Amino acid sequence: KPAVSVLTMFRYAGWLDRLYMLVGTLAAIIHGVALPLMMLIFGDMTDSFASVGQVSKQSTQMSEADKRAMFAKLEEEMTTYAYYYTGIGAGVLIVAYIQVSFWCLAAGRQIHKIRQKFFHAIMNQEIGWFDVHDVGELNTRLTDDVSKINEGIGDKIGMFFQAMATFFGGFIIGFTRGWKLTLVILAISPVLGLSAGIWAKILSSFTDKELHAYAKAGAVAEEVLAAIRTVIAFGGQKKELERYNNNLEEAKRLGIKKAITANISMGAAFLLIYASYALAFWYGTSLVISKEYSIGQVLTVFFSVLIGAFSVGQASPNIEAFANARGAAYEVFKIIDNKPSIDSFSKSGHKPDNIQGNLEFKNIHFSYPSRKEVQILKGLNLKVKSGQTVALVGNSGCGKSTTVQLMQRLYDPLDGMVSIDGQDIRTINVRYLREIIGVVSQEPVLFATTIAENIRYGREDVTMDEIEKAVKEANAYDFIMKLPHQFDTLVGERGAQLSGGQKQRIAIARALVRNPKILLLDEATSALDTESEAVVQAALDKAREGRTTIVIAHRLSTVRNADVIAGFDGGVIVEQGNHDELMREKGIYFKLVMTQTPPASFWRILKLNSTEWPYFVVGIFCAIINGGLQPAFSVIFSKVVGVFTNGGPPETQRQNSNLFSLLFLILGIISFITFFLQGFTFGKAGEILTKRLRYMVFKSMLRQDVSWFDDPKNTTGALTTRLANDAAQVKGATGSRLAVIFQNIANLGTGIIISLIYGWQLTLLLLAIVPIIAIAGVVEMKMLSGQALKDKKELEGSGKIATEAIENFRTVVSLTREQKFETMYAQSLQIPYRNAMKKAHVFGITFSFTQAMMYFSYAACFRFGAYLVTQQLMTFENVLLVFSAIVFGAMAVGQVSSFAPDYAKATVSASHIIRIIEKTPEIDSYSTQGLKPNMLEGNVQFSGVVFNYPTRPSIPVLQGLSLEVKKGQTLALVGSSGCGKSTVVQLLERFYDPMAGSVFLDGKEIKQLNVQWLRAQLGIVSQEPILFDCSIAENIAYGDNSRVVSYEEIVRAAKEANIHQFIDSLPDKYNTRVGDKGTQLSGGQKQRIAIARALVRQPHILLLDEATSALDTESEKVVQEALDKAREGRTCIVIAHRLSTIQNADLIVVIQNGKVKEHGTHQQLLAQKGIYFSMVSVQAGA
């Protein structure tokens, strides 16, 4: 919404840039003008043949006489026009190059200046300006915005003025050569713009509908694939598939409806286009019979106006390009034009010498630009004498840090003054101030360069001698020497990750080269290991003694030797003096002292598609007839112009034009039928395989085992995404592109034969030209992408050192040396700049070549078509025929190159979708194998089990685990911590088989048992029960599948689970919708419902996994009450964390590091002492 004045935007264009734009925009206008002049000549040529065509047929008496005057006229005429054509080709060749080159030259030169100035501005902004602004957004704003500006001031403008020139140029020639047809053409203009208007309305509306449609099906999948371990446990995999099939069923019906309407629209649009196109010509013919116009003129005015009309459509996108560019240039220039109060690039202000380092802070009130929300410094008084060292102490706010912040004049104080020596800090030059102040910070930063270089960021002028003494006086010398490469080592975020205490010591070495008179040390010792702290501490102490120093830390070991200690409370200075005095004050200080002591052949996807043997043949057969249909229009138009051109005695003509204009319209309406057909057939074909695929994919996805689902690569979102993209992407490839590609090959193949058989060697020649300009047209786009990529790589490297410069910024300003970063940036950019010059040279040649080739190619059409071919009997009427036939056959092949990528993107998206079906599990619920025992009663035998999780085969959870629990009794399970407790419940459900060892239920091995039937007997109840959206009765009825449960059954279950209080209370009762689409309710109820699911199944085995985990107060009591009523009739394993409620259990078993450590009844473990007595002691006491 905010934008920029048109003249500001060019502020960096002067002299040449200005001139370049003018010569370019000039050349561009000439270029544009060229094309309608070309079409103007086309009417003159028509007239020349037309005269002879009228006289040739007027003879029917003499022959040899016509071999003279006719040929002579054509000779002088044709040679003239051809000469002019060649004349226009050289023109467009020159102006095209001028056009693109100059405008790109302007672009390059300005953007270079935009770029430099911008970064310079960024580095100049005061720190408060950063504190309010997102650095991330700013740098991404840098690279992305300047590119938009580039797109805006580029050759896009040249293209705009070219388009206007064609628009004006066309309409002028249209109007002058006649007023009538132009206004008749202007009359049909609003109709073609309206139909395209119906398109923007249909597309925008229906695009959301399909997205809205699958959003429903994809909502089924998302709650399922998130809830998977629940559907696997309860084996509802046939149900969730059925639901997904139902939603897919609806989505395809909506899809075919959309396919019907969308094809009707496109078909009707093409009718109106061909209708008006034919209508305009009919009025055109009606004016020729009246002898108002030349038949040749009609072609000139008709082509010129329509060309000039479409020029508006082709112009519009460049307006947008310019428009967007201004908007982008607003926020960039805003920073550039902004001027700071503090500068730091300004040469002004006193530069005192023999600074004695006498500091004072007078009555300073300050607030960081969180501003009025908080005031952290209320007044202040502090003096620090020359050569002394003062230590600041505080509980919170770190208002101490503020003074170190103000002392570098990062911020000017609200009221009061900071005074270095006698003078105010605001009188002295900022750069020099920062230079006479050294700084060492809690978190040290190293830029990526040699250690010599990071030490060279203290001062640009330095020698390895000064480096050496610096690190040595920082006692960083010995430790780095041991490091390989010596001072030439590397450092940064990337590579050479080092001890902090060493980094801090390089930082102290850097600050030391600065040889400052004032030293600020903030917490530098803090947040560091105790051993290396003393090492660095030695350095810090050796860094002072030449300098006055203010230091802040939480280490009171480093304070004692300070000549002055100063505490703050609420921004108010309170205590000052020597340590003993402060201890005698027994104040805040004493308080703190005491406190601290890919492409391949995948046919089979098409084989899957072969379920429709028909519908393809219909669409194909239909499209090939539409292929043969398309050039018929080119054949008519040839003979409409042709017979009228070829007419001879006129009396017959006017009747014929009517017949043609009629037939001209007939291919129009027959096209509606054929286009709607092929589109609808493929469309339905697309939606049905969209079902089969998403079905077979989802289905195969339910098959896989928890091993696959625990994977990091596959998370619920990634699967839904994988599920949508692949199905959609194969559809396009089996879809329209194939319909269209076949339409086109038939289009050209029909066009070629007609052209071939009519012209001998007419056509043969043309076919030599077009593929060459087509390939020449493809290779340009290839170079274009190449240069684009290379430029991206070069500015990526410059933008990288930019990001470095502004991400660490608050440090670089503290050291100054922003000019170093200005210069580094400059040199970085100088390569794309030289690259950007070459770019213009190339863009101009390729463009001009492609245009000149098309214009020169045209000359050959008539030169060889006349002369050598028309000297012979072979005739004009067909020359016009072939012209359209081949050229529009080629323009149709152009769609091949356009639809190339959709195939790849579909094949890659296919490459995944074939594999995802054929991947097979270790454990598949689908196999009907397994024993299906007849005997009810469950035991559970765990013997010598070892388990390591497939995702994390590092720390094993289970090592030699052995448990036994008899039927109809409760096995309590205790543990130090972890899934050791819970993994039991997972293995019995057989989400995994163990590495070694085995587990038995009735004494049979589950490993050889039926996976489905096994789970069918289990009473699983987790921490946070997921309930699908549906009737709460349907959530309960999930406890049993392959059968529908009775109302009185799910009643008995709810009665059992004590959830019935709610369920009679609600308006809907059992049909209430839950899952926080229909309704929301707390955990206590959700759990009780899960309890109902569980004992709806009537399991012989209940598994209660940390059931009361998330819960509170009475809810725990009533849920526990329900769980307790749920067991004692059944085998169960309860891993719950309430050991007060485990006190009644048949067998309690302490698990330790995978091995059962203790086991027994409660009092039995109570009699002993060990882990379990401790477990029960701590929490009952806490």
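Every residue, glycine among them, receives a Cβ derived from its backbone with ideal geometry; neighbour counts consider all protein chains shown. What is reported rests on the model, the rules as stated and the sources as named; these are not laboratory values.
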| field | Set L279, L382, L299: member being in the same structural domain as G546 (by CATH), aliphatic (A, V, I, L, M) and either touching a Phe, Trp or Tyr at 6+ places or on another chain (Cβ under 9 Å) or surrounded by fewer than 20 Cβ atoms within 10 Å (Cβ to Cβ) (or both) | value | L382
| query | Does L738 meet the test of being of a type in the set (A, V, I, L, M, F, W, C), within 30 Å of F862 (Cβ to Cβ) and in a helix (DSSP H, G or I)? | reply | no
| message | Give me the residue from region 214-246 that is small (G, A, S) and over 23 Å from the mean Cα position of the chain (by Cα) and, out of that set, farthest from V985 (Cα to Cα). | response | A217
| task | Could you please let me know if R1138 is surrounded by 19 or more Cβ atoms within 10 Å (Cβ to Cβ), assigned by CATH to the domain that holds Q959 and either over 25 Å from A1090 (Cα atoms) or among the charged types (D, E, K, R) (or both)? | result | no
| task | Give region 481-513 a look and list any residue that's in contact with a helix residue (DSSP H, G or I) (Cβ under 7 Å, 6 or more places away or on another chain) and either outside any helix (DSSP H, G or I) or surrounded by 20 or more Cβ atoms within 10 Å (Cβ to Cβ) (or both), or say none. | result | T489, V491, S499, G501, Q504, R505, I506, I508, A509, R510, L512, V513
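The rows are residues; the columns are (1) touching a strand residue (DSSP E or B) at 6+ places or on another chain (Cβ under 8 Å); (2) in the same structural domain as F361 (by CATH); (3) in a helix (DSSP H, G or I).
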site: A538; (1), (2), (3): no, yes, yes
site: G546; (1), (2), (3): no, yes, no
site: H554; (1), (2), (3): no, yes, no
site: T558; (1), (2), (3): yes, yes, no
site: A566; (1), (2), (3): yes, yes, no
site: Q576; (1), (2), (3): yes, yes, no
site: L582; (1), (2), (3): yes, yes, yes
| task | Within region 122-131, identify whether any single residue is in contact with a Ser or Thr (Cβ under 9 Å, 6 or more places away or on another chain) and more than 23 Å from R434 (Cα to Cα), and answer yes or no. | result | no
| task | List every residue pair whose Cβ atoms lie under 8 Å apart, where the two residues are 6 or more positions apart in sequence or sit on different chains, the first residue falls within region 561-572 and is at positive phi, and the second residue, located anywhere, is small (G, A, S). | result | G570/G397; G571/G379; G571/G397; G571/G399
| Which residues, taken from region 1163-1182, are assigned to a helix (DSSP H, G or I) and either of a type in the set (S, T, N, Q) or surrounded by 13 or more Cβ atoms within 10 Å (Cβ to Cβ) (or both)? | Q1163, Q1164, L1165, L1166, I1171, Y1172, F1173, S1174, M1175, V1176, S1177, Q1179
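Keeping to region 322-343, report how many residues are more than 21 Å from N139 (Cα to Cα) and outside any helix (DSSP H, G or I).
Residues flagged as more than 21 Å from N139 (Cα to Cα) and outside any helix (DSSP H, G or I) within region 322-343 amount to 2.
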| message | Quick test for you: out of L392, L433, pick the one residue that is crowded, with 21+ Cβ neighbours inside 10 Å and touching a helix residue (DSSP H, G or I) at 6+ places or on another chain (Cβ under 7 Å). | response | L392
| Is at least one residue of region 1030-1037 touching a strand residue (DSSP E or B) at 6+ places or on another chain (Cβ under 9 Å) and surrounded by fewer than 20 Cβ atoms within 10 Å (Cβ to Cβ)? | yes
| Is one or more of the residues making up region 237-256 of a type in the set (G, A, S), over 30 Å from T715 (Cβ atoms) and in contact with a helix residue (DSSP H, G or I) (Cβ under 7 Å, 6 or more places away or on another chain)? | no
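Yes/no matrix, rows are residues, columns are (1) among the hydroxyl-bearing types (S, T, Y); (2) touching an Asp or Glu at 6+ places or on another chain (Cβ under 8 Å); (3) closer than 29 Å to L702 by Cβ:
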{"site": "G236", "(1), (2), (3)": "no, no, yes"}
{"site": "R243", "(1), (2), (3)": "no, no, yes"}
{"site": "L248", "(1), (2), (3)": "no, no, yes"}
{"site": "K257", "(1), (2), (3)": "no, no, no"}
{"site": "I260", "(1), (2), (3)": "no, no, no"}
{"site": "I264", "(1), (2), (3)": "no, no, no"}
{"site": "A269", "(1), (2), (3)": "no, no, no"}
{"site": "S286", "(1), (2), (3)": "yes, no, no"}
{"site": "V298", "(1), (2), (3)": "no, no, no"}
| request: Take the residues in region 918-968 that are surrounded by 16 or more Cβ atoms within 10 Å (Cβ to Cβ) and of a type in the set (V, I, T), then tell me which one is nearest to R1127 (Cα to Cα). | output: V965
| Quick one: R990 ticks every box in (1) outside any helix (DSSP H, G or I); (2) among the charged types (D, E, K, R); (3) surrounded by fewer than 17 Cβ atoms within 10 Å (Cβ to Cβ) bar one, so which box is it? | (3)
| Just checking, which of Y825, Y855, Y833 is in a helix (DSSP H, G or I), closer than 19 Å to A448 by Cβ, in the same structural domain as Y81 (by CATH) and not aliphatic (A, V, I, L, M)? | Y825
| Flag if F168 is surrounded by fewer than 21 Cβ atoms within 10 Å (Cβ to Cβ), outside any loop (DSSP other than H, G, I, E, B) and among the aromatic types (F, W, Y) | yes
| For region 458-476, which residues satisfy the criterion of being surrounded by 18 or more Cβ atoms within 10 Å (Cβ to Cβ) and either in a loop (DSSP other than H, G, I, E, B) or of a type in the set (S, T, Y) (or both)? | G458, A474, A476
| task | Quick one: count up the residues across region 514-569 that are over 47 Å from the mean Cα position of the chain (by Cα), crowded, with 17+ Cβ neighbours inside 10 Å and among the polar types (S, T, N, Q). | result | 4
| query | Would region 1025-1034 turn up any residue that is under 22 Å from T1072 (Cα atoms) and small (G, A, S)? | reply | yes
| said: Checking the condition among the aliphatic types (A, V, I, L, M), in a helix (DSSP H, G or I), over 18 Å from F270 (Cβ atoms) and touching a helix residue (DSSP H, G or I) at 6+ places or on another chain (Cβ under 9 Å), which residue from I669, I625, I688 passes? | reply: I688
| Whichever residue in region 1087-1107 is assigned to a helix (DSSP H, G or I) and over 20 Å from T1141 (Cβ atoms) and, among such residues, is farthest from the chain's Cα centre (by Cα) | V1096
| message | As an exercise: evaluate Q851 against (1) farther than 20 Å from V778 by Cβ; (2) of a type outside the set (A, V, I, L, M, F, W, C); (3) buried (at least 20 other Cβ atoms within 10 Å of the Cβ) and give the number of the one condition it does not meet. | response | (1)
| request: Output yes when any residue across region 854-876 is in contact with a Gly (Cβ under 9 Å, 6 or more places away or on another chain) and of a type in the set (D, E, K, R), and no when none is. | output: no
| Does region 39-54 include one or more residues that are charged (D, E, K, R) and farther than 18 Å from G158 by Cα? | yes
| query | Taking strands (runs of 3 or more DSSP E) that fall entirely within region 1111-1162, which contain at least 2 residues that are within 48 Å of the chain's Cα centre (by Cα)? | reply | 1131-1134, 1147-1152
| message | I'd like to know if region 996-1013 contains one or more residues that are buried (at least 19 other Cβ atoms within 10 Å of the Cβ) and of a type in the set (K, R). | response | no
